[PDB]
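Shown next as C-alpha cells: one chain only, the form deposited in one PDB entry.
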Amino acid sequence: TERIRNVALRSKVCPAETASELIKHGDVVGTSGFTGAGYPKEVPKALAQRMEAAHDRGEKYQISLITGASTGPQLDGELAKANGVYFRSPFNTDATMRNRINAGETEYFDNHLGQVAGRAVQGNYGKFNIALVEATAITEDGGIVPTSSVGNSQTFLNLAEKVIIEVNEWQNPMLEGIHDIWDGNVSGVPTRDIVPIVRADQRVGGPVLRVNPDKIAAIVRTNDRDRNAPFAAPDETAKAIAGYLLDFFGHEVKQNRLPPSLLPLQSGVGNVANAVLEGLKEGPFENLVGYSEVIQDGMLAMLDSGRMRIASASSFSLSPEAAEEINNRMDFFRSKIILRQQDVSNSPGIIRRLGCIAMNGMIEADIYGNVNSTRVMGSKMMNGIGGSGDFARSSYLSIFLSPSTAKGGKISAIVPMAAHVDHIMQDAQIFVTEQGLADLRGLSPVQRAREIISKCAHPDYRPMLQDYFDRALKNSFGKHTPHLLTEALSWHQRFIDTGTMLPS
C-alpha cells in the first residue's frame, strides 16, 4: 500500500544522497527522534559519508543537530563517527556521540525536554535551515503521519526553511491514529494558550503533523529499523527497590494520601524505573494511568496485564523484542496509547495539574538529597537531564531510585556532596535503594541526611558517610547544611586516583 497518498508530493521523491546535499556546512538541523524511536536514518548516513570526504579534501562540514531526545546509531552514531556535529541538543545516548561530547569535540547542552520547542522558537539554537522528519505515511491532504515518537517534530517543521521527509516502510502503517498533535500555542510567542488537558487520557488534537508542501524539498523512501538496547531483567537489587516502593505506595493509599488507583505515573529512563513497572504489573493498584515521557517495556507490560488502562507519552522506548510484540498487536495497543508532542507530555503546568507521581533514576545523591542525573565525577556526561527536571519539580511526589552502589561496589551512589547537581533538595522527596526507602517529607537538611544515610546508603559506605556528617556538624562554616569543604568532593577524587571510593 502506497505510503505517499498525496499524488503531487510523489514528484518530490529523490535519493538520500541527493537529499543530503540540501544540508550545508553550518546548518541547523532539527530532526525527529526520541529514545531510539522515530529518528531519520538514511539521509544522516549519506550526509556522514559526504562529511568524511569533505574533511579529507580539507573542507569544513559540520551541522548543529537538534532533536526530540536520543536517536540511534544511524543518526548520532554515524554523524559522530564522521566528526560532523559541532553542536548537539538536548539529549543523547549514543556511545560515539557521548565520546565526542566528553572529548570536547561536539558542544552539548542538555535542555529540559519540555522547553526545547519554546527555545527553538525563541531562536536560541539559531535559524533552522532543515527539518528532517521520519514518517509512516503522507496523507492525501499532505499531513505527515509520525512514526514511533512525536518529540519536537511539529515545531521543527514550523521553523525550518526546507523540509526533508524520510518515509520509512519499516514503520507500521497502523501507527496512524495513535498520535495527538495540538494546533494551539504551547511553545510559541507569549501569551501562550491554555492547554485544556485535564485528564491523562484526553485527546485535544489531530493525527498528523502539518507542513506547507512548498517547504518540502525532498522525500526519501527508506527501509530501516529503530534500534534500542534491551532492559536488564530485574535483578535482586532492582526487585528490592520495586518492593520498597510498592510497600510505600500501599501505605500512602491506606493513609488516604493517594487514591487506590494512585495518580498518573511517570516512569523515567533506565533499568530501575523499568523494574518498578514490572512490579506494578502484578501489584495491588488497579486502573492505573500513565502520563510519562516514554513508554518502556515495563509500562507496555502493565497495559498488557490490565493494571494500567491507558498511557500517555511522547515516544516508545521498547527493547527490540517489545517493539516486535506491539507491532504484531498494534490493534490491541493503539487504543491504550496516546503519543503527544514533547512540549505537552513534559509541560510543567499539565504535570502539576494532573498530580503526576515522578519516578526517576539517578547517578548519585548527596547526604542532603541533592541529585546528580548526568555528570559522572562532575564532568563526564552520561545521557542528559532529559525530562527529569520537568517531572521532578512539577510532580505531586518526586521519587529517585538507584542501586546504592555502582561499578561493582567501587562507587557509592550516596556521597558527601554530589559532584554535579541536577535536582535540588526541594525537588526530591523520596529516595529508594536496595537498602531501603527514605521519606524526606517535612524534613530540614540535617534531618534529610539522617534518613538518607540510615535508610539508603550501602553498609560499606554508611559509616564513612556518618563520619563525614558528624564531623561536618562539629566543624562546618554554618550548621544549616553542614559541610567539610576540604573533603566534600574527596570520594570522587579518590575514585579518579585509585579506581574506588573505598579507602585502602
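Only the largest set of C-alpha atoms that superpose within 1.5 Å between the two forms is called the rigid core. Throughout, we count residues from 1 along the sequence that is shown.
In this crystal structure, the stretch out of 132-140 and 108-116 whose C-alpha atoms carry the higher mean B factor is 132-140. As listed in the deposited structure, the average C-alpha B-factor of 274-282 and of 257-265 is greater for 274-282.
Sorting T31, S64, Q49, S454 by the CA temperature factor given in the entry leaves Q49 at the top.
The entry lists C-alpha B-factors for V195, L339, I424, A323, and the highest of these is at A323. Among the modelled residues of its chain, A95 has a C-alpha B-factor that falls in the middle third according to the deposited record. Among the modelled residues of the chain, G386 sits in the lowest third by CA temperature factor in this PDB entry. The deposited CA B-factor of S20 belongs to the highest third of values across its chain. Split the chain's modelled residues into thirds by C-alpha temperature factor. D56 is in the highest one. Sorting the modelled residues of the chain by their CA temperature factor places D366 in the lowest third.
Only in words, not in the display: the form deposited in another entry, which the text now covers.
Of the candidates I310, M381, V421, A301, the Cα that moves 2 angstroms or more after core superposition between this form and the one not shown belongs to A301 alone. After superposition on the rigid core, the Cα of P207 moves by less than 2 Å between this form and the one not shown. In the core-superposed comparison between this form and the one not shown, the C-alpha atom of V269 has shifted by at least 2 angstroms.
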